[PDB]
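Next up: just one chain, as structure tokens, the form deposited in one PDB entry.
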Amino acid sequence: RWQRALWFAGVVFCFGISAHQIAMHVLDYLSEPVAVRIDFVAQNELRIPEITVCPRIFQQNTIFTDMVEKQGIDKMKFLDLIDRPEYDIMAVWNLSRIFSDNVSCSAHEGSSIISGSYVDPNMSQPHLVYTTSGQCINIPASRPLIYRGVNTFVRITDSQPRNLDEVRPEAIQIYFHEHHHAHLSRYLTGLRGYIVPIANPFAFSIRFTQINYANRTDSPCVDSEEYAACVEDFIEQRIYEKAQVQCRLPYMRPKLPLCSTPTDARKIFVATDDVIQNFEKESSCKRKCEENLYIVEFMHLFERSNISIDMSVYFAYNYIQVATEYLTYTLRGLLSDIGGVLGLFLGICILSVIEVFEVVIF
């Protein structure tokens, strides 16, 4: 009668639906759903960016364009200076040098009502680097600043002889990038670096956002060290294969000999221009698990010193906005969900399965 059909249809439908929701739950657990927790952590000591300070790009470089035009070359063919015997690529890129060897990097953690300021003139002194925009300065940021008060800043001070013996530069370009990303300093300082004059020294103000990601199979992340090496290697490989030449430029690692003719130098330079525009979207390197963003606002300076190039970077805000991406839907949740799925419709437990197996085996 209709009883057989009714019961069979009910059992088949219940089994099918149980399979459907158990499969959906297992599938989404494998998808590793992840939520985001936002908090504002107050820091007793801040982790400074690496601060790469370049001059303006070659065409925008006052002091470099002035001395390359006197040779009799246009405002674009600054690499044609290589063709001359005495001038080589390294000599050409040493002319862009804006900072002398007197650059200092002090760290002022203003505090101690009883003892005054907290000057520290020996915090990871600057060192030379070669960037696409010339010969620049780099601040390794060896140690984290100790935050006590809003008067916590890092002051880059150069006191070269600003006189009429030579034409002085008009501005510099300071880029605050990740702690150990060497590709961001030698390639992207001229793009992401804020241009600031040196005649009137004002200050920046860095606020810290941190984004911790979850290492997921469908969207894996890497540590801050692997990502930098991956991205750099990709950048030089891409530039080398696009330029189709076997020479390099000062801002490239010493894998190949320096370019010695204007044609190859310009080929490499244009290849770098093309690669740097899309090195992010057109790159396979996995995102680093921890991403630090440095919101750079401006800040007036009331007392302007007589130093040549004074540049203060304030860290008056010690509340890092931390967004931690944490993985929800643990294994216990999946098991409970499966039990609920097969507890509403059906009613077979993990205990009756042993009964079925014993019946089968007798």
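In this text, residue numbers run from 1 along the sequence as written. Each form is matched to the other, and the largest set of C-alpha atoms that superpose within 1.5 Å is called the rigid core.
Keep in mind that the form deposited in another entry is not shown, yet the notes after this line are about it.
After superposition on the rigid core, the single residue among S111, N138, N292, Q135 whose C-alpha moves by 2 Å or more between this form and the one not shown is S111.
Comparing the forms between this form and the one not shown on their rigid core, the Cα displacement of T62 stays under 2 Å. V167 is among the residues whose C-alpha shifts by 2 Å or more between this form and the one not shown once the rigid core is aligned. Superposition of the core reveals a Cα shift of 2 Å or more for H180 between this form and the one not shown. Distance between the C-alpha atoms of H181 and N151: longer in the other entry than here (change of 3 Å or more).
The pair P254 and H181 is tighter in the other entry: their Cα-Cα distance falls by no less than 3 Å compared with this form.
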